[PDB]
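Hydrogens, waters and symmetry mates play no part in the numbers below; they use all other heavy atoms, side chains included. Numbering of ligands and ligand atoms starts at 1, following listing order. Order of the sequence lines sets the chain letters (A, B, ...), proteins ahead of strands, with each chain counted from 1.
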There are 2 protein chains.
Amino acid sequence: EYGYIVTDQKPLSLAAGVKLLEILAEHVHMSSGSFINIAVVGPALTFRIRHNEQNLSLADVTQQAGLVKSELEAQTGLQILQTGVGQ
Amino acid sequence: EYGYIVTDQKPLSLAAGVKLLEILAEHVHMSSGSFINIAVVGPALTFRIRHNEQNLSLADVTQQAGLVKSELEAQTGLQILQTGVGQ
Ligand SMILES: [Ca+2]
């Protein structure tokens, strides 16, 4: 499984994808360095999460990305079209 | 916002789509009639959720869909490739 965020960017830059992860990390109180297997592919950011004490899951992180969607958009200048988990 | 389930069937049939919703409903102990605004679009099923006695959310229902993906697949023959929330 991997997490993803689909944006309106064609294509999404690597820098912007990492900024999304920085904001998300701050909200889930973890190091942005706990996001692994990162790539941007077309308009999408994909990632996994490293083992952690907190037991934070991909589910948890994508739910969180919905909770703070407005903040993610405001701080990055992009639009988030989908957030989910792929197989 | 809407919830979605992306399959490996293009076009996804409406009947197959709502069969996914029935299995999902059984799993989360909600009536499938609480899934509203339903459409199939390409390989995807999209929906929203009405007031329900269980007070359940889109992130929660789509996370659960991810959890029971092998059941959804065993019962329908579809593969579930993504689950998430869109705008
Ligand atoms: Ca928006």
For residues 6-17 of chain A, which side-chain N or O atoms pair as donor and acceptor with protein atoms under 3.5 Å away, sequence neighbours left out?
unit_1: A:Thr7; atom_1: OG1; unit_2: A:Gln9; atom_2: N; d: 3.0
unit_1: A:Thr7; atom_1: OG1; unit_2: A:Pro43; atom_2: O; d: 2.8
unit_1: A:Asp8; atom_1: OD1; unit_2: A:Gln79; atom_2: N; d: 3.0
unit_1: A:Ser13; atom_1: OG; unit_2: A:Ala16; atom_2: N; d: 3.1

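Residue pairs that meet the side-chain hydrogen bond (donor to acceptor under 3.5 Å, both in side chains) test with at least one member in residues 46-55 of chain A, sequence neighbours left out, do not exist here. Counting only residues at least two apart or in different chains, ring-ring contact (aromatic ring centres under 6.0 Å, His included) contacts with residues 6-37 of chain B comprise B:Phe35-B:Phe47.
Of the N and O atoms on the side chains of B:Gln82 and A:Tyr4, at least one donor lies less than 3.5 Å from an acceptor on the other residue.
The tally of protein N/O/S atoms under 3.0 Å from the Ca ion (ligand 1) stands at 3.
Residues B:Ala65 and B:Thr83 approach most closely at CB-CG2, 4.1 Å, considering heavy atoms.
Under the 4.5 Å side-chain heavy-atom criterion for grouping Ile, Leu, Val, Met, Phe, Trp and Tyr, A:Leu72 is connected to A:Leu58 within one hydrophobic cluster.
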